[PDB]
Structure formats: structure tokens, C-alpha cells
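Novice: Quick one: the structure is below, questions incoming.
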Amino acid sequence: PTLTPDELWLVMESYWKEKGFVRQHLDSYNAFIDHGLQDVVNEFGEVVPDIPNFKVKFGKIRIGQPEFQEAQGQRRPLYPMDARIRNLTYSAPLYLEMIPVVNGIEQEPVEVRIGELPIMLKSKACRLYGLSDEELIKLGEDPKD
Amino acid sequence: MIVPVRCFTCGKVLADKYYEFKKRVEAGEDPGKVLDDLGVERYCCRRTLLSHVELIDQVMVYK
Amino acid sequence: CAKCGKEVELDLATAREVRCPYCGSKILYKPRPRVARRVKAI
Amino acid sequence: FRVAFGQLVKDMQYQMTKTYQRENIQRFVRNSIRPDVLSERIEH
Ligand SMILES: [Zn+2]
């Protein structure tokens with residue numbers, strides 16, 4: 001009979017430690033990666049040409065790992081600290097599978113880049129996802145981030 | 001950032017009593033008595049050790 | 001004349017690009033000069 | 001991403017239609033998607 005302030009506080013505090021303190025953008029991004037993204041690409045469907053034989057069907061998109069091609073194109077894995085220090089963009093390539101539909105018949109699915117999508121920090125696709133404080137520290141960040 | 005060497009208001013040595021303070025309290029011994037067992041007269045000088053944060057144990061692990 | 005993320009220095013000049021040829025890292029660090037430095041302790 | 005990808009699909013539209021009059025068989029695909037488009041419109 002009666003719960004008192006302190007115990008209720010323990011409840012709240014537990015909610016805080018367990019859930020995210022600012023993961024508002026986070027759940028939303030995590031949902032944008034899986035559920036969304038794929039929607040826009042499954043809605044636009046095909047494409048052109050003005051010549052009616054060819055067609056190209058858009059399949060499903062996958063989000064690569066945060067990497068960057070420096071001088072003369074050289075693909076190297078990227079961490080946030082390297083991005084902030086080099087005036088770079090913490091992003092990963094988006095690879096779409098596309099199906100050449102000639103005369104009605106399908107050729108074969110082909111995996112091709114689409115560009116580069118900026119990754120939100122500590123997200124799912126974000127290289128910092130399931131890392132411990134020591135690994136963040138080894139990276140050059142504080143676990144308080 | 002490692003105990004403000006000495007003190008601010010009471011400006012005497014206090015850094016030299018950091019470790020044993022912390023470690024003495026890190027067993028359950030109430031700080032308000034631990035301090036008394038050491039050279040901690042006025043509260044002004046006491047505050048400097050009470051409300052310290054030692055952020056350095058984060059900063060070194062860098063450069 | 002340099003360093004990067006967790007190791008040792010490099011030599012001077014350049015012609016093609018700049019990554020640490022000892023770490024593969026991309027960032028270089030100019031170490032403080034070992035000369036005399038008077039810091040007026042106020 | 002919708003609009004940016006739209007610019008991509010459109011530039012690919014112009015691309016495939018215009019780069020044909022230069023009837024491609026082995027047109028395996030797709031050296032004609034200029035990815036920077038999708039990147040730029042999102043970055044900038
Ligand atoms: Zn004092």
C-alpha cells in the first residue's frame with residue numbers, strides 16, 4: 001500500500017537507461033532503412049525508353065557499409081571520426097537490383113550502385129551500432145555520444 | 001580533470017588527499033566523516049573535493 | 001614529420017596523394033617541436 | 001530520397017533514350033546511371 005517517490009523514480013530511470021535518450025531520430029531512421037526506402041523504389045516501378053522494346057524493372061535496394069572512394073577512386077571503409085576530420089560525408093552506397101526487360105522477356109537481375117546515402121549516427125546501418133564503450137573509445141568517440 | 005591542485009577559496013593542498021578520500025568512501029565509509037579524519041576543516045575547501053568529476057579518465061584515452 | 005591513428009612518424013615530401021604508408025591511414029599529425037617553450041605559469 | 005531518386009530515374013530516362021542512337025545489343029546494362037545525381041541532391 002503506497003509506492004513512494006523513490007521507487008517510481010527507479011521505474012522512470014529504468015525506462016531511460018533501457019530505451020534511448022534521444023533515439024527519436026533513431027527509431028525513425030531504422031524504420032526508414034527497412035520499411036521505407038524500398039517503398040519509393042517499388043512504387044516508381046520501371047523506367048523508360050522511348051523505344052518500347054527495352055524496359056527496366058526495379059527490384060529491391062540494399063544499403064552497403066559506410067565507405068568512401070578517395071583520390072582516383074579507392075574504396076576504403078569509413079568511421080564517423082574520419083568523416084568529421086576530413087570534411088567527408090558519413091555515407092554508404094545504395095545498391096539496387098535491376099532487371100532488363102527486352103521485348104517482354106527478362107534478362108537477369110543486375111546489382112548496381114545508385115549513389116550514396118548519408119548514414120545517421122548510432123543507427124542500424126551506422127558502423128557504431130553494437131559497439132561497446134571501449135570500441136567507441138578506440139574509434140575516437142566518447143561513449144556518452 | 002584531475003582534482004584542482006590545492007583549493008580555490010581555501011587555497012591549500014588538497015590534491016594530495018584525493019586517492020585516499022575516494023578509496024575510503026569506496027567501501028561505504030561516509031565521506032562527511034572521511035573528510036574529517038583528514039585535513040578538511042572549512043567547507044569551502046571541502047567543496048572542491050566533494051563536487052569534483054575527474055573527467056580526465058576519458059580524455060587521456062585519445063591524444 | 002607526421003603520424004596517424006596509433007603509431008609512428010613519416011618522412012617529408014609528396015607527389016602522389018597522402019596516406020600514411022605505415023598504417024594505410026589517411027590522417028597525418030604534426031608533432032610538437034621538441035625545442036624550447038616558455039609557458040608563463042600564472 | 002523520393003525526389004532525389006526521381007531526378008536519378010529521370011536522368012537515366014534521358015540517358016538511355018539519348019545514348020541509344022549511337023541500337024545496343026549486348027546492352028547488358030547499365031553504364032549510364034550517373035550515381036552522383038542521387039548523391040548530390042541529398043548531400044547539398
Ligand atoms: Zn576552504
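We name chains A, B, ... following the order of the C-alpha cells; residues begin at 1 in each chain, and ligands are numbered from 1 as shown.
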Taking only C-alpha atoms into account and nothing else, which residues of chain B lie no more than 12 Å away from chain C? Please answer as a VMD selection string.
Specialist: chain B and resid 61 to 63
Novice: Could the residues in this selection be saved with N, CA and C atoms as a compact mmCIF listing (two decimals), in the first residue's frame?
Specialist:
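The new file again09.txt reads:
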# COMPACT_ATOMS: atom_id res chain seq x y z
N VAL B 61 42.57 8.68 -22.98
CA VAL B 61 42.37 7.65 -23.99
C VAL B 61 42.14 8.26 -25.37
N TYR B 62 42.98 9.23 -25.72
CA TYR B 62 42.87 9.89 -27.02
C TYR B 62 44.25 10.30 -27.54
N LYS B 63 44.64 11.53 -27.26
CA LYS B 63 45.93 12.05 -27.70
C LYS B 63 46.35 13.27 -26.89
Novice: List all protein, DNA and RNA residues that have an atom no more than 9 Å from any atom of ligand 1, counting only C-alpha atoms and all ligand atoms, and report them as number ranges by chain.
Specialist: B: 7-12, 40-48
Novice: Nearest to chain A among D:40, D:4, D:26, D:35, with distances taken over only C-alpha atoms: which residue is it?
Specialist: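 The shortest atom-to-atom distance to chain A comes from D:35.
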Novice: When the cut-off is 8 Å and we count only C-alpha atoms, which residues of chain D are near chain A, given as number ranges by chain?
Specialist: D: 1-2, 9, 13, 16-17, 28-30, 33, 35-39, 42-43
Novice: Within 9 Å of chain A, which residues of chain C show up? Give each one with its shortest atom-to-atom distance in Å (one decimal) and the two atoms involved, counting only C-alpha atoms, rows by chain then rising residue number, as CSV.
Specialist:
residue,atom,partner,partner_atom,distance
C:17,CA,A:71,CA,7.3
C:26,CA,A:82,CA,8.5
C:27,CA,A:86,CA,8.0
Novice: In Å to one decimal, how far is CA of residue 16 in chain A from CA of residue 31 in chain B?
Specialist: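 We find that CA of residue 31 in chain B and CA of residue 16 in chain A lie 28.6 Å from each other.
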Novice: Would you return as a ChimeraX atom specification the members of chain B that DSSP assigns to helix (DSSP H, G or I) on this structure's backbone?
Specialist: /B:15-25,31-37,43-50,56-59
Novice: For residue 1 in chain B, list every protein, DNA or RNA residue within 12 Å, evaluated using only C-alpha atoms, and leave out those in the same chain fewer than 5 positions away; present the list as a VMD selection string.
Specialist: chain B and resid 15 52 to 60
